[PDB]
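To keep things clear, I will list the structure first and then write my remarks on it.
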Amino acid sequence: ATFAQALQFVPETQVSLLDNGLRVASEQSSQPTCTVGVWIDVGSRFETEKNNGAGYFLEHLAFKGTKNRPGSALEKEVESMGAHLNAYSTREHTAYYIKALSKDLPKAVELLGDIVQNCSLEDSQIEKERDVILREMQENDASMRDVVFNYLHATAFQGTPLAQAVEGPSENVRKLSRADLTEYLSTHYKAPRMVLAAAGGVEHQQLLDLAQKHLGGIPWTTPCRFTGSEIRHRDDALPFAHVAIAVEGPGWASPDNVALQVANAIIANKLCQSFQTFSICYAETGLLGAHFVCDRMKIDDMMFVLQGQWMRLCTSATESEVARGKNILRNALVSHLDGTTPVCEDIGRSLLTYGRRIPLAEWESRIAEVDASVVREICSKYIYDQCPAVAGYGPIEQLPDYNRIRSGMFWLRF
Amino acid sequence: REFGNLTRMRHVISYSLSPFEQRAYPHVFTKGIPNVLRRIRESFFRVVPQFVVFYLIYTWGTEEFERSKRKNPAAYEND
(Lines give C-alpha, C1' and ligand atoms only; values in the text may rest on other atoms or scores of the structure.)
Protein backbone atom coordinates (compact mmCIF):
# COMPACT_ATOMS: atom_id res chain seq x y z
CA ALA A 1 0.00 0.00 0.00
CA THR A 2 2.42 2.64 -1.22
CA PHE A 3 1.26 6.25 -1.55
CA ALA A 4 0.96 5.84 -5.32
CA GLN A 5 -0.80 2.50 -4.79
CA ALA A 6 -3.08 4.03 -2.15
CA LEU A 7 -4.24 6.85 -4.43
CA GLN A 8 -5.96 4.35 -6.73
CA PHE A 9 -8.24 3.34 -3.85
CA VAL A 10 -9.91 6.77 -4.03
CA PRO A 11 -13.32 6.33 -5.70
CA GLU A 12 -13.95 8.28 -8.87
CA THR A 13 -16.44 11.15 -9.01
CA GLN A 14 -19.18 10.20 -11.46
CA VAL A 15 -20.34 13.15 -13.58
CA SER A 16 -23.57 13.44 -15.58
CA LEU A 17 -24.97 16.21 -17.78
CA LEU A 18 -28.66 17.05 -17.53
CA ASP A 19 -30.79 18.28 -20.42
CA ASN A 20 -30.78 21.89 -19.17
CA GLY A 21 -26.99 21.78 -18.72
CA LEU A 22 -26.66 21.37 -14.95
CA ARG A 23 -23.65 19.16 -14.18
CA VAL A 24 -24.32 16.59 -11.45
CA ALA A 25 -21.23 15.11 -9.78
CA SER A 26 -20.92 12.62 -6.95
CA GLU A 27 -18.23 10.75 -5.01
CA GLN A 28 -19.86 7.78 -3.30
CA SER A 29 -18.24 6.46 -0.13
CA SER A 30 -19.11 4.31 2.88
CA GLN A 31 -19.96 7.40 4.91
CA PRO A 32 -23.03 7.72 7.17
CA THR A 33 -23.45 11.39 6.20
CA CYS A 34 -23.03 13.58 3.12
CA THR A 35 -22.74 17.26 2.09
CA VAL A 36 -24.71 18.11 -1.04
CA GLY A 37 -24.24 21.49 -2.65
CA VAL A 38 -24.73 23.75 -5.66
CA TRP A 39 -21.72 25.63 -7.04
CA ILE A 40 -22.25 28.49 -9.49
CA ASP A 41 -19.63 30.13 -11.72
CA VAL A 42 -20.73 33.61 -10.62
CA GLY A 43 -18.69 35.94 -8.45
CA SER A 44 -17.65 39.54 -7.85
CA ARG A 45 -15.56 39.59 -11.04
CA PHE A 46 -18.75 39.19 -13.12
CA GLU A 47 -20.43 42.21 -11.50
CA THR A 48 -20.24 45.80 -12.72
CA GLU A 49 -19.94 48.82 -10.45
CA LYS A 50 -23.73 49.17 -10.54
CA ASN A 51 -24.28 45.85 -8.70
CA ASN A 52 -20.94 45.11 -7.04
CA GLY A 53 -22.56 43.74 -3.89
CA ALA A 54 -25.30 41.75 -5.61
CA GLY A 55 -23.86 38.29 -4.98
CA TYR A 56 -23.11 38.93 -1.31
CA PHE A 57 -26.63 40.31 -0.80
CA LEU A 58 -28.10 37.22 -2.49
CA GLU A 59 -26.02 35.01 -0.20
CA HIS A 60 -27.37 36.97 2.77
CA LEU A 61 -31.04 36.63 1.77
CA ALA A 62 -30.85 33.16 0.18
CA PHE A 63 -31.87 31.29 3.34
CA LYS A 64 -34.27 34.04 4.46
CA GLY A 65 -37.15 32.88 2.25
CA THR A 66 -38.34 31.07 -0.87
CA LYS A 67 -41.69 30.94 -2.66
CA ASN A 68 -42.59 27.40 -1.56
CA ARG A 69 -41.81 27.91 2.14
CA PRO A 70 -41.09 31.07 4.17
CA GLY A 71 -37.62 31.68 5.53
CA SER A 72 -38.64 30.60 9.02
CA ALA A 73 -40.09 27.40 7.55
CA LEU A 74 -36.93 26.77 5.52
CA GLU A 75 -34.69 27.27 8.55
CA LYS A 76 -36.90 25.06 10.73
CA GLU A 77 -36.83 22.30 8.11
CA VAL A 78 -33.03 22.50 7.99
CA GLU A 79 -32.71 22.42 11.77
CA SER A 80 -35.18 19.57 12.36
CA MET A 81 -33.24 17.22 10.07
CA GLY A 82 -30.06 18.03 12.01
CA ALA A 83 -28.41 19.41 8.87
CA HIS A 84 -26.24 22.53 8.55
CA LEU A 85 -26.72 24.82 5.57
CA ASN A 86 -23.83 27.06 4.59
CA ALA A 87 -22.92 29.42 1.79
CA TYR A 88 -19.87 31.28 0.55
CA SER A 89 -19.10 33.75 -2.22
CA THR A 90 -15.69 34.37 -3.78
CA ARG A 91 -14.80 36.74 -6.60
CA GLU A 92 -15.38 33.88 -9.06
CA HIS A 93 -17.54 31.20 -7.37
CA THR A 94 -20.71 31.03 -5.27
CA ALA A 95 -21.68 27.93 -3.29
CA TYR A 96 -24.70 26.85 -1.24
CA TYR A 97 -24.26 23.49 0.47
CA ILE A 98 -26.44 21.46 2.84
CA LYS A 99 -24.49 19.09 5.09
CA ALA A 100 -26.81 16.33 6.29
CA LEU A 101 -27.18 12.59 6.78
CA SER A 102 -27.16 10.02 3.98
CA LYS A 103 -30.85 9.22 4.49
CA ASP A 104 -31.70 12.95 4.42
CA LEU A 105 -30.39 13.34 0.86
CA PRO A 106 -33.82 13.43 -0.91
CA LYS A 107 -35.00 16.46 1.09
CA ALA A 108 -31.70 18.37 1.07
CA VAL A 109 -31.36 18.42 -2.72
CA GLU A 110 -34.94 19.68 -2.99
CA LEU A 111 -33.97 22.38 -0.50
CA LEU A 112 -31.08 23.44 -2.73
CA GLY A 113 -33.41 23.66 -5.71
CA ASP A 114 -35.84 25.74 -3.67
CA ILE A 115 -32.96 28.05 -2.77
CA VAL A 116 -31.61 28.23 -6.31
CA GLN A 117 -34.55 28.47 -8.71
CA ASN A 118 -37.31 30.28 -6.80
CA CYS A 119 -35.84 32.64 -4.20
CA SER A 120 -38.39 34.90 -2.49
CA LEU A 121 -36.90 38.40 -2.24
CA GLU A 122 -39.09 39.93 0.46
CA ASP A 123 -38.70 43.71 0.55
CA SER A 124 -38.73 43.84 4.36
CA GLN A 125 -36.17 41.04 4.39
CA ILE A 126 -34.13 43.00 1.85
CA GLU A 127 -34.04 46.06 4.12
CA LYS A 128 -33.11 43.83 7.06
CA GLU A 129 -30.24 42.40 5.01
CA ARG A 130 -29.21 45.96 4.14
CA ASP A 131 -28.93 46.75 7.84
CA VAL A 132 -27.11 43.49 8.58
CA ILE A 133 -24.55 44.10 5.81
CA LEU A 134 -24.05 47.69 6.96
CA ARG A 135 -23.20 46.37 10.43
CA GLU A 136 -21.04 43.64 8.86
CA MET A 137 -18.95 46.33 7.16
CA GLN A 138 -17.82 47.69 10.53
CA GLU A 139 -17.46 44.10 11.74
CA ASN A 140 -15.06 43.33 8.88
CA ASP A 141 -13.19 46.60 9.49
CA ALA A 142 -11.53 44.94 12.50
CA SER A 143 -10.00 42.10 10.45
CA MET A 144 -6.64 43.42 9.29
CA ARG A 145 -5.81 40.45 7.04
CA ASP A 146 -9.03 40.73 5.03
CA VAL A 147 -8.52 44.48 4.58
CA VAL A 148 -4.94 43.86 3.43
CA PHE A 149 -6.01 41.26 0.87
CA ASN A 150 -8.79 43.53 -0.39
CA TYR A 151 -6.19 46.29 -0.77
CA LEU A 152 -3.93 43.85 -2.62
CA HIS A 153 -6.65 42.84 -5.07
CA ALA A 154 -7.73 46.45 -5.63
CA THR A 155 -4.19 47.69 -6.30
CA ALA A 156 -3.15 44.65 -8.35
CA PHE A 157 -6.09 44.60 -10.74
CA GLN A 158 -7.31 48.24 -10.53
CA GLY A 159 -9.29 48.92 -13.70
CA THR A 160 -10.65 45.39 -13.81
CA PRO A 161 -13.80 43.75 -12.39
CA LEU A 162 -11.45 41.36 -10.57
CA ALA A 163 -10.39 44.19 -8.23
CA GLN A 164 -13.72 45.10 -6.60
CA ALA A 165 -14.49 43.49 -3.25
CA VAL A 166 -17.04 40.71 -2.89
CA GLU A 167 -19.01 42.69 -0.31
CA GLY A 168 -18.91 45.85 -2.42
CA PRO A 169 -19.06 49.51 -1.46
CA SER A 170 -21.32 50.75 1.31
CA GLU A 171 -23.14 53.04 -1.13
CA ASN A 172 -23.66 50.20 -3.61
CA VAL A 173 -25.24 47.88 -1.03
CA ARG A 174 -27.24 50.82 0.32
CA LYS A 175 -28.78 51.62 -3.08
CA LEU A 176 -28.95 48.04 -4.42
CA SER A 177 -32.61 47.62 -5.37
CA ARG A 178 -34.60 44.39 -5.52
CA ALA A 179 -34.93 44.55 -9.31
CA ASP A 180 -31.14 44.61 -9.58
CA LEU A 181 -30.92 41.42 -7.51
CA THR A 182 -33.60 39.75 -9.64
CA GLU A 183 -31.76 40.70 -12.84
CA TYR A 184 -28.51 39.37 -11.35
CA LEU A 185 -30.26 36.08 -10.53
CA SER A 186 -31.77 35.86 -14.02
CA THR A 187 -28.55 36.64 -15.87
CA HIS A 188 -26.23 34.58 -13.66
CA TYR A 189 -28.00 31.74 -11.82
CA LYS A 190 -28.61 29.58 -14.88
CA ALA A 191 -27.46 26.20 -16.14
CA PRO A 192 -25.04 24.95 -17.43
CA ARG A 193 -23.12 27.29 -15.10
CA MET A 194 -24.20 25.10 -12.15
CA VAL A 195 -22.68 21.98 -10.60
CA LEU A 196 -24.66 19.93 -8.10
CA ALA A 197 -21.85 18.17 -6.24
CA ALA A 198 -22.23 15.59 -3.49
CA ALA A 199 -19.92 13.09 -1.80
CA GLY A 200 -20.03 10.57 1.00
CA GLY A 201 -23.02 8.31 1.51
CA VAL A 202 -24.67 9.30 -1.77
CA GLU A 203 -25.40 6.98 -4.69
CA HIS A 204 -24.83 8.78 -7.98
CA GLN A 205 -28.07 7.70 -9.68
CA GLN A 206 -30.03 8.86 -6.63
CA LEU A 207 -28.40 12.28 -6.88
CA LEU A 208 -29.14 12.40 -10.61
CA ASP A 209 -32.81 11.57 -9.99
CA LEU A 210 -33.09 14.22 -7.27
CA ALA A 211 -31.41 16.81 -9.50
CA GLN A 212 -33.74 16.06 -12.41
CA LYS A 213 -36.76 16.24 -10.10
CA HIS A 214 -35.82 19.54 -8.44
CA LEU A 215 -32.88 21.22 -10.21
CA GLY A 216 -34.34 20.42 -13.65
CA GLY A 217 -36.49 23.53 -14.05
CA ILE A 218 -33.51 25.88 -14.28
CA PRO A 219 -33.65 27.75 -17.62
CA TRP A 220 -31.69 25.92 -20.31
CA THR A 221 -30.74 29.03 -22.30
CA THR A 222 -12.70 42.66 -20.23
CA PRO A 223 -8.96 41.96 -20.40
CA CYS A 224 -7.69 41.26 -16.89
CA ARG A 225 -4.44 43.20 -16.43
CA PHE A 226 -2.05 42.98 -13.48
CA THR A 227 -0.76 46.46 -12.61
CA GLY A 228 2.17 46.40 -10.20
CA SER A 229 0.87 49.24 -8.03
CA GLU A 230 0.73 49.60 -4.25
CA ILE A 231 -1.67 50.74 -1.52
CA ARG A 232 -0.44 52.07 1.83
CA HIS A 233 -2.91 52.76 4.67
CA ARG A 234 -1.02 53.90 7.74
CA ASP A 235 -3.23 54.12 10.88
CA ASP A 236 -0.12 54.19 13.06
CA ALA A 237 -2.08 53.41 16.25
CA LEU A 238 -2.56 49.80 15.14
CA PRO A 239 -0.33 47.38 17.09
CA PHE A 240 1.31 45.41 14.27
CA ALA A 241 1.95 46.08 10.59
CA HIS A 242 0.23 43.92 7.97
CA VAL A 243 1.77 43.49 4.51
CA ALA A 244 0.91 41.38 1.46
CA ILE A 245 3.13 41.37 -1.63
CA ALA A 246 2.30 39.43 -4.77
CA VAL A 247 3.02 39.01 -8.47
CA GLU A 248 0.72 37.95 -11.28
CA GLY A 249 0.27 34.20 -11.28
CA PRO A 250 -1.09 31.75 -13.84
CA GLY A 251 -4.77 31.02 -14.10
CA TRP A 252 -6.48 27.80 -13.10
CA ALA A 253 -5.61 26.16 -16.44
CA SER A 254 -1.81 26.08 -16.29
CA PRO A 255 0.77 23.34 -15.59
CA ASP A 256 2.93 25.87 -13.71
CA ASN A 257 0.53 25.97 -10.74
CA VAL A 258 2.00 22.81 -9.21
CA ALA A 259 5.57 24.10 -9.47
CA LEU A 260 4.47 27.36 -7.86
CA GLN A 261 2.80 25.40 -5.04
CA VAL A 262 6.04 23.48 -4.49
CA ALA A 263 7.99 26.75 -4.46
CA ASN A 264 5.59 28.24 -1.90
CA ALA A 265 5.90 25.13 0.27
CA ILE A 266 9.68 25.51 0.11
CA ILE A 267 9.42 29.09 1.41
CA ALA A 268 12.07 31.76 8.65
CA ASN A 269 9.38 33.40 10.80
CA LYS A 270 11.91 34.34 13.50
CA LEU A 271 12.37 37.78 11.93
CA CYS A 272 8.60 37.94 11.36
CA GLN A 273 5.55 37.28 13.55
CA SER A 274 3.33 35.05 11.37
CA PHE A 275 4.47 34.84 7.74
CA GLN A 276 2.50 32.85 5.15
CA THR A 277 2.69 32.19 1.41
CA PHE A 278 -0.38 32.27 -0.85
CA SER A 279 -1.05 31.21 -4.45
CA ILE A 280 -4.53 32.60 -5.13
CA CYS A 281 -5.67 31.39 -8.56
CA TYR A 282 -8.31 32.80 -10.92
CA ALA A 283 -9.50 31.93 -14.43
CA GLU A 284 -6.79 33.81 -16.34
CA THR A 285 -4.69 35.53 -13.65
CA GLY A 286 -3.63 35.01 -10.05
CA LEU A 287 -1.81 36.44 -7.06
CA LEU A 288 1.32 34.50 -6.10
CA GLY A 289 3.15 35.93 -3.12
CA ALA A 290 3.38 36.27 0.63
CA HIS A 291 1.61 37.94 3.54
CA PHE A 292 3.06 38.64 6.97
CA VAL A 293 2.58 40.60 10.19
CA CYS A 294 5.42 42.76 11.44
CA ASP A 295 6.62 44.74 14.38
CA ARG A 296 6.69 48.47 13.71
CA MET A 297 10.51 48.32 13.50
CA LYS A 298 11.03 45.09 11.53
CA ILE A 299 9.10 45.41 8.25
CA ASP A 300 12.26 45.97 6.20
CA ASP A 301 14.10 42.90 7.51
CA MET A 302 11.15 40.59 6.87
CA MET A 303 10.67 41.97 3.36
CA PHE A 304 14.39 41.46 2.72
CA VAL A 305 14.23 37.86 3.97
CA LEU A 306 11.15 37.05 1.89
CA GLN A 307 12.61 38.55 -1.28
CA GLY A 308 15.92 36.79 -0.63
CA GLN A 309 14.08 33.48 -0.38
CA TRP A 310 12.31 34.30 -3.65
CA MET A 311 15.62 35.09 -5.36
CA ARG A 312 17.26 31.94 -3.99
CA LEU A 313 14.42 29.83 -5.37
CA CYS A 314 14.54 31.63 -8.73
CA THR A 315 18.33 31.36 -9.13
CA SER A 316 19.67 28.40 -7.09
CA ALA A 317 17.18 25.78 -5.84
CA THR A 318 18.76 22.54 -4.62
CA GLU A 319 17.14 19.13 -5.03
CA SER A 320 16.60 18.44 -1.31
CA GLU A 321 14.47 21.56 -0.82
CA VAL A 322 12.38 20.76 -3.90
CA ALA A 323 11.82 17.20 -2.66
CA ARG A 324 10.75 18.56 0.73
CA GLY A 325 8.36 20.96 -0.98
CA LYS A 326 6.87 18.16 -3.08
CA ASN A 327 6.31 16.01 0.01
CA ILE A 328 4.72 18.96 1.82
CA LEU A 329 2.41 19.59 -1.13
CA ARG A 330 1.37 15.93 -1.33
CA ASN A 331 0.61 15.80 2.39
CA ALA A 332 -1.31 19.09 2.22
CA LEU A 333 -3.43 17.86 -0.70
CA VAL A 334 -4.31 14.51 0.86
CA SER A 335 -4.96 15.98 4.32
CA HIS A 336 -7.14 18.76 2.89
CA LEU A 337 -9.23 16.26 0.94
CA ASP A 338 -10.07 14.42 4.17
CA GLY A 339 -13.69 15.06 5.10
CA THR A 340 -16.98 15.09 3.22
CA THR A 341 -17.33 18.87 3.01
CA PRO A 342 -13.77 19.26 1.61
CA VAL A 343 -14.29 16.65 -1.13
CA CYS A 344 -17.66 18.14 -2.08
CA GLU A 345 -16.13 21.61 -2.28
CA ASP A 346 -13.22 20.22 -4.29
CA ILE A 347 -15.59 18.49 -6.73
CA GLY A 348 -17.66 21.63 -7.23
CA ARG A 349 -14.69 23.98 -7.60
CA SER A 350 -12.83 21.59 -9.90
CA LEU A 351 -15.84 21.21 -12.19
CA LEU A 352 -16.29 24.99 -12.27
CA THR A 353 -12.53 25.44 -12.79
CA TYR A 354 -10.97 22.56 -14.76
CA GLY A 355 -14.18 21.23 -16.29
CA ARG A 356 -13.25 17.89 -14.71
CA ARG A 357 -12.42 16.35 -11.34
CA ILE A 358 -8.66 15.80 -11.53
CA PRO A 359 -7.82 12.58 -9.64
CA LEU A 360 -5.09 12.31 -7.03
CA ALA A 361 -3.01 10.01 -9.24
CA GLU A 362 -2.73 12.77 -11.84
CA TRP A 363 -1.81 15.27 -9.11
CA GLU A 364 0.94 12.99 -7.84
CA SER A 365 2.31 12.27 -11.32
CA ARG A 366 2.39 16.03 -11.95
CA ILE A 367 4.20 16.59 -8.65
CA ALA A 368 6.68 13.83 -9.52
CA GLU A 369 7.37 15.65 -12.79
CA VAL A 370 8.48 18.70 -10.77
CA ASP A 371 12.25 19.05 -10.49
CA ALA A 372 14.71 21.58 -9.08
CA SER A 373 15.42 22.78 -12.62
CA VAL A 374 11.68 23.10 -13.25
CA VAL A 375 11.23 25.00 -9.98
CA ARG A 376 14.04 27.41 -10.86
CA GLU A 377 12.77 27.94 -14.41
CA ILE A 378 9.15 28.57 -13.44
CA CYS A 379 10.07 30.79 -10.48
CA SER A 380 12.29 32.87 -12.77
CA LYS A 381 9.41 32.94 -15.26
CA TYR A 382 6.89 34.31 -12.73
CA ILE A 383 8.84 35.84 -9.81
CA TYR A 384 12.27 37.00 -10.98
CA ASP A 385 12.42 40.66 -12.08
CA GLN A 386 8.66 41.23 -11.99
CA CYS A 387 6.79 44.36 -10.93
CA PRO A 388 4.92 43.40 -7.74
CA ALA A 389 1.67 44.55 -6.16
CA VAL A 390 2.07 45.57 -2.51
CA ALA A 391 -0.62 46.22 0.10
CA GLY A 392 0.28 47.55 3.52
CA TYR A 393 -2.08 48.19 6.43
CA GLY A 394 -0.18 50.19 8.99
CA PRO A 395 1.77 51.00 10.96
CA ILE A 396 3.85 51.08 7.77
CA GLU A 397 6.75 53.52 7.77
CA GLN A 398 9.71 51.16 7.61
CA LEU A 399 8.13 49.29 4.69
CA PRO A 400 10.55 50.00 1.81
CA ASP A 401 9.36 52.34 -0.91
CA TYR A 402 8.07 50.73 -4.08
CA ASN A 403 11.33 51.38 -5.92
CA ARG A 404 13.23 49.55 -3.17
CA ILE A 405 10.76 46.64 -3.21
CA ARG A 406 10.95 46.42 -7.00
CA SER A 407 14.76 46.55 -6.97
CA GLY A 408 14.68 43.73 -4.43
CA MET A 409 13.00 41.52 -7.04
CA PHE A 410 16.30 40.92 -8.87
CA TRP A 411 19.88 40.15 -7.88
CA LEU A 412 22.88 42.11 -9.14
CA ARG A 413 25.05 39.06 -8.46
CA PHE A 414 23.00 36.80 -10.76
CA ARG B 1 16.17 58.08 13.73
CA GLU B 2 15.38 55.07 11.57
CA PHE B 3 12.24 55.00 9.42
CA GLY B 4 10.41 52.86 11.99
CA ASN B 5 9.81 55.63 14.55
CA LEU B 6 9.74 59.17 13.14
CA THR B 7 6.18 60.48 13.60
CA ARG B 8 2.59 59.39 14.21
CA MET B 9 0.25 59.59 11.22
CA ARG B 10 -3.20 58.01 11.27
CA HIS B 11 -5.37 56.74 8.38
CA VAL B 12 -3.46 58.46 5.58
CA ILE B 13 -3.67 56.17 2.54
CA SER B 14 -1.50 56.65 -0.56
CA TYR B 15 -1.68 54.92 -3.94
CA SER B 16 1.47 54.50 -6.04
CA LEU B 17 2.18 53.01 -9.46
CA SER B 18 5.21 51.09 -10.67
CA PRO B 19 7.81 53.13 -12.59
CA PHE B 20 7.57 50.68 -15.50
CA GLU B 21 3.76 50.73 -15.62
CA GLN B 22 3.58 54.51 -16.08
CA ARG B 23 5.31 56.87 -18.49
CA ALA B 24 8.28 59.06 -17.63
CA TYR B 25 6.81 62.11 -19.42
CA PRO B 26 3.07 62.41 -18.74
CA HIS B 27 1.15 65.58 -19.55
CA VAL B 28 4.13 67.23 -21.26
CA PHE B 29 1.94 69.71 -23.14
CA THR B 30 -1.41 69.41 -21.35
CA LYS B 31 -0.03 70.13 -17.86
CA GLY B 32 3.77 70.38 -17.86
CA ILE B 33 4.29 73.47 -20.02
CA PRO B 34 1.35 75.37 -18.43
CA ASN B 35 2.69 74.44 -14.99
CA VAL B 36 6.17 75.74 -15.82
CA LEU B 37 4.60 78.89 -17.29
CA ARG B 38 2.55 79.56 -14.16
CA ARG B 39 5.60 79.00 -11.94
CA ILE B 40 7.58 81.47 -14.06
CA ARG B 41 4.71 83.97 -13.91
CA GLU B 42 4.55 83.67 -10.12
CA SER B 43 8.30 84.12 -9.59
CA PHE B 44 8.90 86.73 -12.32
CA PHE B 45 7.40 89.79 -10.65
CA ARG B 46 9.31 88.99 -7.44
CA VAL B 47 12.73 88.15 -8.92
CA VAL B 48 13.16 90.24 -12.08
CA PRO B 49 12.72 93.85 -10.80
CA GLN B 50 15.84 93.72 -8.60
CA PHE B 51 17.97 92.57 -11.53
CA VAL B 52 16.35 95.18 -13.78
CA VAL B 53 17.42 97.82 -11.25
CA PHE B 54 20.89 96.25 -11.25
CA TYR B 55 21.04 96.44 -15.06
CA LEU B 56 19.95 100.09 -15.04
CA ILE B 57 22.64 100.90 -12.47
CA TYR B 58 25.24 98.99 -14.50
CA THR B 59 24.41 100.81 -17.73
CA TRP B 60 24.29 104.22 -16.06
CA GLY B 61 27.59 103.64 -14.28
CA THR B 62 29.36 102.50 -17.44
CA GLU B 63 28.01 105.45 -19.44
CA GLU B 64 28.96 107.93 -16.71
CA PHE B 65 32.47 106.49 -16.49
CA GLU B 66 32.75 106.87 -20.26
CA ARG B 67 31.55 110.49 -20.04
CA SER B 68 33.98 111.32 -17.23
CA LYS B 69 37.01 110.52 -19.41
CA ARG B 70 35.74 112.36 -22.53
CA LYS B 71 35.29 115.99 -21.50
CA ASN B 72 37.06 119.33 -20.82
CA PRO B 73 36.37 121.45 -23.93
CA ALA B 74 36.30 124.65 -21.88
CA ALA B 75 39.36 123.61 -19.85
CA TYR B 76 41.44 124.23 -22.98
CA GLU B 77 39.09 126.72 -24.66
CA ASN B 78 40.09 129.48 -22.22
CA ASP B 79 43.64 129.06 -23.57
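Ordered as shown in the C-alpha coordinates, chains take letters A, B, and onward, while each chain numbers its residues from 1 and ligands are numbered from 1 in the order shown.
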
Residues of chain A at most 12 Å from chain B: nearest atom pair and distance in Å, only C-alpha atoms, as CSV:
residue,atom,partner,partner_atom,distance
A:151,CA,B:15,CA,10.2
A:152,CA,B:15,CA,11.4
A:154,CA,B:15,CA,10.5
A:155,CA,B:15,CA,8.0
A:156,CA,B:17,CA,10.0
A:157,CA,B:17,CA,11.9
A:158,CA,B:17,CA,10.7
A:225,CA,B:21,CA,11.2
A:226,CA,B:21,CA,9.9
A:227,CA,B:21,CA,6.9
A:228,CA,B:18,CA,5.6
A:229,CA,B:17,CA,4.2
A:230,CA,B:16,CA,5.3
A:231,CA,B:15,CA,4.8
A:232,CA,B:13,CA,5.3
A:233,CA,B:13,CA,4.1
A:234,CA,B:11,CA,5.2
A:235,CA,B:10,CA,3.9
A:236,CA,B:10,CA,5.2
A:237,CA,B:10,CA,6.9
A:238,CA,B:10,CA,9.1
A:240,CA,B:4,CA,12.0
A:241,CA,B:4,CA,10.9
A:294,CA,B:4,CA,11.3
A:295,CA,B:4,CA,9.3
A:296,CA,B:4,CA,6.0
A:297,CA,B:4,CA,4.8
A:298,CA,B:4,CA,7.8
A:299,CA,B:4,CA,8.4
A:300,CA,B:4,CA,9.2
A:301,CA,B:4,CA,11.5
A:385,CA,B:20,CA,11.6
A:386,CA,B:20,CA,10.1
A:387,CA,B:18,CA,6.9
A:388,CA,B:18,CA,8.2
A:389,CA,B:18,CA,8.7
A:390,CA,B:16,CA,9.6
A:391,CA,B:15,CA,9.7
A:392,CA,B:13,CA,9.5
A:393,CA,B:13,CA,9.0
A:394,CA,B:11,CA,8.4
A:395,CA,B:10,CA,8.6
A:396,CA,B:4,CA,8.0
A:397,CA,B:4,CA,5.6
A:398,CA,B:4,CA,4.8
A:399,CA,B:4,CA,8.4
A:400,CA,B:3,CA,9.3
A:401,CA,B:16,CA,9.7
A:402,CA,B:18,CA,7.2
A:403,CA,B:19,CA,7.7
A:404,CA,B:18,CA,11.1
A:405,CA,B:18,CA,10.3
A:406,CA,B:18,CA,8.3
A:407,CA,B:19,CA,11.1

Contacts of range 44-60 of chain A at 8 Å (only C-alpha atoms; same-chain gap of 6+ positions) as a ChimeraX atom specification: /A:87-92,94,129-130,133,161-169,172-173,176,180-181,184

Hey, what does DSSP flag as alpha helix (DSSP H) within chain B? Can you give it to me as a PyMOL selection string? chain B and resi 33-68+74-77
